[PDB]
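Just so it is clear: chains get the letters A, B, ... in the order the sequence lines come, proteins before strands, and each one is counted from 1.
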Amino acid sequence: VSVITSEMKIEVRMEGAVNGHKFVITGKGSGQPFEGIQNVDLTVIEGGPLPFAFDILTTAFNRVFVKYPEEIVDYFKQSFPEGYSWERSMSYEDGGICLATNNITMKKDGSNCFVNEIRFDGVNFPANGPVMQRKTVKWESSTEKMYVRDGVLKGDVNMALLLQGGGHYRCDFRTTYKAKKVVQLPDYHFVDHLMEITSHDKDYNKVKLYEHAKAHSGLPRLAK
Amino acid sequence: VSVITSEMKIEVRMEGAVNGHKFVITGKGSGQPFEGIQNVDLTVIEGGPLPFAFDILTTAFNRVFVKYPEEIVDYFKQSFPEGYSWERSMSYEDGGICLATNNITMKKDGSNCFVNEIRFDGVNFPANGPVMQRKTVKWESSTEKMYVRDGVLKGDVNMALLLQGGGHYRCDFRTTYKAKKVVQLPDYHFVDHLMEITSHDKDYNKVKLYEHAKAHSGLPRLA
Ligand SMILES: [Mg+2]
Ligand SMILES: [Mg+2]
Ligand code: NA
Ligand code: NA
């Protein structure tokens with residue numbers, strides 16, 4: 001039995017460091033779990049102005065916000081109210097790498113709100129690279145490949161940041177999702193993602209995010 | 001001009017998380033910079049008993065402790081008293097990965113002591129793997145390859161943990177060393193490392209480490 005409802009709130013707190021630069025970001029938002037859409041408004045409360053591209057942080061601020069078709073098992077919505085956590089490695093093509101974790105739970109009170117405890121760390125970003133030089137434009141849309149491994153769920157996705165001077169900067173995501181209770185495990189499937197920073201101030205001390213995600217079984221064998 | 005001396009003290013503080021498990025470790029030690037040897041006594045003050053193999057943490061608690069021959073430029077000893085910092089990725093063959101940083105400086109009280117601020121984070125270690133199951137025995141010795149890149153120093157090394165059931169568990173280290181002031185840059189070279197946990201209690205809440213390291217230019221061309 002799922003306790004998820006059409007309109008739920010979001011609360012997040014991220015603490016971390018990139019190339020040794022510490023920072024803390026908090027935020028609030030809301031999402032529609034069944035429609036696979038969400039909004040998050042963030043504020044850098046420590047470490048601002050950030051010396052690195054804010055884009056590397058955006059995907060770390062909840063797969064519960066994915067429109068899952070009836071035919072595919074939804075690992076995430078089943079996990080609440082207890083929730084789940086995730087671990088992720090993000091390996092960039094120039095050697096830069098980031099690791100992040102998120103522990104997600106629902107508030108005891110019937111406020112229908114998700115709480116996110118996030119840790120984010122990145123190292124080895126070249127001084128002349130697009131991340132430290134803040135030359136990124138946006139993340140392209142993507143399709144995450146979901147598969148079960150040793151009783152938990154894994155998600156791998158080829159990501160790419162469009163750069164100011166044109167061209168792309170690739171990053172490989174490897175995520176492990178762990179429900180806090182026994183839930184039904186899904187067969188191999190996919191999750192399409194589309195996101196964007198809908199608003200931000202000069203130094204990205206204030207940032208608004210939007211994400212739309214939908215699960216599917218891939219291209220059908222027959223054309224048309 | 002180098003301000004390094006034959007006997008120097010070490011103070012370390014590591015805070016981090018592995019697979020979401022938070023922990024804090026502090027310690028004190030001493031080393032002989034010119035001989036390339038050091039000892040560090042560690043104590044887990046938060047998060048114990050650690051659910052993961054302590055071995056993954058050991059190399060994160062200072063390349064200043066390396067015997068450098070006169071012929072090779074010493075990037076590390078030159079950097080003090082200001083010091084330097086390093087960033088490192090440790091990629092294991094089963095997907096587990098750790099990132100660590102260390103900001104190193106000398107106290108300005110003339111006590112010949114290095115202070116180390118360390119952050120350590122690891123994720124994606126399989127529940128049935130040797131790290132979460134604590135099936136590691138020790139790190140094998142190694143040879144780090146040092147090379148300059150964009151004005152700073154990089155160090156890459158093929159590491160391996162011997163496992164209890166026999167066999168090895170490989171990890172690739174990628175480190176970037178950044179001096180806090182302008183220092184002479186070295187040509188491509190190598191640093192041999194030999195380390196060992198000389199003592200530890202049952203759950204590794206108390207651990208003693210020893211490391212020996214020496215820089216060199218590789219095998220001579222002539223036999
Ligand atoms: Mg922008
Ligand atoms: Mg042992
Ligand atoms: Na399914
Ligand atoms: Na040299």
Side-chain angles (χ1 to χ4, degrees), chain A residues 14-23 52 60 83-92 94-105 116-129 131-133 147-156 172-180, chain B residues 15-23 52 56 60 83-92 94-105 116-129 131-133 147-156 172-180:
Chain A
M14 172 189 283
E15 189 159 17
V18 174
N19 277 20
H21 186 84
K22 302 187 187 70
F23 61 89
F52 58 83
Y84 70 106
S85 62
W86 58 251
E87 293 166 31
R88 177 182 300 161
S89 60
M90 299 160 270
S91 179
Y92 294 85
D94 66 347
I97 180 153
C98 301
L99 302 188
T101 60
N102 187 185
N103 188 61
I104 310 174
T105 55
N116 303 251
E117 175 184 1
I118 311 153
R119 176 67 206 181
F120 189 107
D121 294 275
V123 303
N124 286 161
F125 282 104
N128 61 198
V131 172
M132 297 314 295
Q133 292 296 308
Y147 58 106
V148 172
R149 174 67 62 81
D150 304 337
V152 296
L153 188 64
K154 301 278 189 192
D156 293 350
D172 287 347
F173 279 35
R174 288 181 260 295
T175 309
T176 299
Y177 302 99
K178 301 172 181 177
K180 297 172 183 177
Chain B
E15 184 159 26
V18 174
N19 272 30
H21 186 85
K22 303 186 187 68
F23 62 86
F52 59 82
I56 69 172
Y84 70 105
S85 61
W86 58 252
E87 293 163 31
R88 176 183 301 160
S89 60
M90 300 161 270
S91 181
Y92 293 85
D94 65 347
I97 180 149
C98 299
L99 302 187
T101 62
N102 186 184
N103 185 299
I104 310 173
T105 185
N116 307 66
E117 174 188 353
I118 309 153
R119 176 69 206 181
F120 190 108
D121 294 274
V123 301
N124 287 160
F125 282 105
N128 73 311
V131 172
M132 296 315 296
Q133 292 293 309
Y147 58 104
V148 174
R149 174 67 61 84
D150 303 320
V152 296
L153 189 62
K154 303 284 186 176
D156 293 349
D172 285 349
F173 279 34
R174 295 206 167 343
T175 310
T176 299
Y177 303 99
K178 305 175 180 176
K180 296 171 182 175

For [X], is it the side chain, the backbone, both or neither that has a heavy atom under 4.5 Å from a heavy atom of chain A?
{"X": "B/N124", "result": "both"}
{"X": "B/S85", "result": "neither"}
{"X": "B/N102", "result": "neither"}
{"X": "B/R149", "result": "neither"}

Worksheet item: Taking 4.0 angstrom as the limit, do A/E15 and A/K22 come out as a salt bridge?
Response: no
Discussion item. A side-chain contact here means heavy atoms from C-beta on lying under 4.5 Å apart; do B/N103 and B/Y84 qualify?
Written reply: no
Discussion item. Would you say that more than 12 heavy atoms from the other residues, nucleotides or ligands in this model lie under 6.0 Å from the CD of A/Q133, or not?
Written reply: yes
Worksheet entry | A/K154: partners by salt bridge (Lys or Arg N to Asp or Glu O under 4.0 Å), with sequence neighbours left out | none
Given that the side chain runs from C-beta out, which part of [X] has a heavy atom under 4.5 Å from chain B: side chain, backbone, both or neither?
{"X": "A/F120", "value": "neither"}
{"X": "A/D121", "value": "both"}
{"X": "A/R174", "value": "both"}

Worksheet item: Does B/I104 offer a backbone N or O that forms a donor-acceptor pair with the side chain of B/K180 under 3.5 Å?
Response: yes
Discussion item. Counting heavy-atom pairs under 4.5 Å with chain B, which one of A/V152, A/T175, A/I97, A/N19 comes out on top?
Written reply: A/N19
Worksheet entry | Check: B/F52 ring centroid to B/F23 ring centroid under 6.0 Å | yes
